[PDB]
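Step one of this worksheet: look at the structure below.
Each chain gets a letter, A, B, C, D, E and F, in the order it is written, and its residues are counted from 1.
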């Protein structure tokens, strides 16, 4: 049994714009989320993500993280299908594994949003055999 | 059964093999032991319905 | 018999915004809920949630909770389906368990709203075999 | 024979808002119900609720109740279906109990409204075998 | 096993226009992304791109790159189909390879956007046999 | 094996008009891309164009090219079909070559745009047998 899930982060449109000393007024005088996409690789098990830990927070380059005590989150119930293909597969389910038609394919994409600086997440959870899982998504910007 | 295509060209080498093997045994026995008691000059019986 | 239910909190849009010393008036002069989603893990029983206890209340970091006498709630009748799949399953029911077609899957999602600071809830209830159940949802914000 | 009915109170939107020393006028100058949902647990009988008794009334924390003489209501004819499932079941009825198809399920939800401080109600009635029934719904707010 | 994927970058409309000392006002008085397209060559395997490394950054001709420590990205899960053709192929999948109908063709095009000077990217990933992959896309402008 | 592809340049509408000392204002007082089309000749192989090299740049007649170091581009994945005709041919594919119905015809036209003086391009690429290809498109204007 192996778990292999990949994520497309998509960091655009994540920072609020405020550096406008000029204005949208007459003439510069008066008026002075990231979509994570998880997909299971072919031949992988199903997995459920429970939350994430922020292992490194750096605003403009200062490690304001204290890696001794990360910032845990435990407010996720996200199911990543197995990463196979068959005939009876529904929308958000996994193949049983003995369909005689089953292939190894990429799983259905499932998304999550965290509205947020570069932080280094680490998702966790458990597979379909109930074993712990970790997946680092380092490098996300703002 | 080999062919050649002068218009295209495959990438690398692929082998795509497939194996099959089977073994089997069987054994049937069938035995009968019949006794009949009879006499020396015994004749047949004609019932036959 | 085992009970295994997971919850997606999603605590965004939960705090009222008031820190605007400026205004939506001419020029800064005049004008001076969380959706809990419970799903049952594959192989789990059905369960009904009756209420929750607030085990820890912290506004800006002060434990204003008195864990000797938590704040109980007993105003919930929420059914979490079993976490199987079959042919005759209706919308909000559970499989009998002997369909000869039955698989282990994720249960149907059922939601509840608590309009609310970080509090640590603990839902309670009873399973389909009438045994007590507890599920901590620590960490929810505002 | 057993009776087991649960209730979802949902006491939001139950208090009238008046604490506005300001106004919806030009600039703060001039202008100075709860839905009870009863559902029968699997394996339960049918029951009819006749009324409720207020066992504890507390406005801002003062027991203005006199539990010697509660405030009885007798203006309810509310039918809670049995808590089974079958083929011939109509909208607001109960199964006979001998359908050869019958399961134990959650009964159809039936609602009642009491427009109302924390009061502690106690509904009463009789089951399908005509035996008295009581169900405390302590804790409802305003 | 061989991997052969080609990319059409299309770097038009990628630089913001600001060199207007004149204006869109009355008379010159007052008012003073790139779409990468990956396609697999005939006879190639499938491949998944995980991110890219910027091996050379040159704004107006100054190598502001420090090739000892490139700028990695790890926020891509992009699947490039195999580069074959068959009957049962879905939208974003790859042929098994033993369809008895299978040809060698160009794979389905999959796109990615990087909103950005001439930089020299290098995508990386792994093939369907889980072996590392690199593809240089040198020369993209602004 | 032979490669024979032809191109229709169509270099009209390619120069920006600015020589207007007069104006679109009241009375002369105030207000003072090329589509390359590649098609394969009958009997030709398929070919994919990878980029182009500018072998001669002449603005108003000055060779500002330095042919020792041309200006290479590597931003093209353009497929030119074979130049045959059959029954099972899709939109942007090539015939296998053994259809028993196959003819020699002109391939499907595929286009590219380069928004640009007379420059002398030279496209390059590889055929369906993976051999290098060059095609000079000398003479394009502005």
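Here is the rule we use: a contact is a pair of C-beta atoms (placed from the backbone, for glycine too) under 8 Å apart; a residue touches a chain by one contact, two chains touch by 3 or more.
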#### Entry: Each chain counted as touching subunit D and subunit F at once
none
### Joint neighbours of subunit E and subunit B, given as chain labels
F
#### Entry: Between E-F and B-F, the pair with more C-beta contacts
E-F
### Query
Could you state the distance in Å from the CA-based centre of subunit A to that of subunit F?
42
### Centre distance in Å when subunit E and subunit F are each reduced to the mean of their C-alpha atoms
22
#### Entry: Averaged-CA centre spacing for the pair subunit C and subunit B, given as whole angstrom
65
#### Entry: Junction residues of subunit F - those touching two or more other chains
96, 128
### Message
Two or more other chains touching the same residue: where does that happen in subunit B?
### Response
8-9
### Message
What's the complete list of touching chain pairs for this entry?
### Response
A-C, A-E, B-E, B-F, C-D, E-F
### Contact set on subunit A toward subunit E in their complex
6-12, 27, 37, 39, 41-42, 85, 103, 105-106, 137-140
### Query
In their shared complex, at which residues does subunit B touch subunit E?
8-12, 14, 16
## Note on the structure
Residue set of subunit E touching subunit A in the complex reads 30, 48, 50, 72-79, 92-93, 96, 115, 128
### Summary
Interface with subunit B, subunit F side, in the complex: residues 1, 45-46, 82, 94, 96-98, 128-130
### Message
So in the complex, the part of subunit E that touches subunit B is made up of which residues?
### Response
1-2, 4, 41-44, 97-98, 104
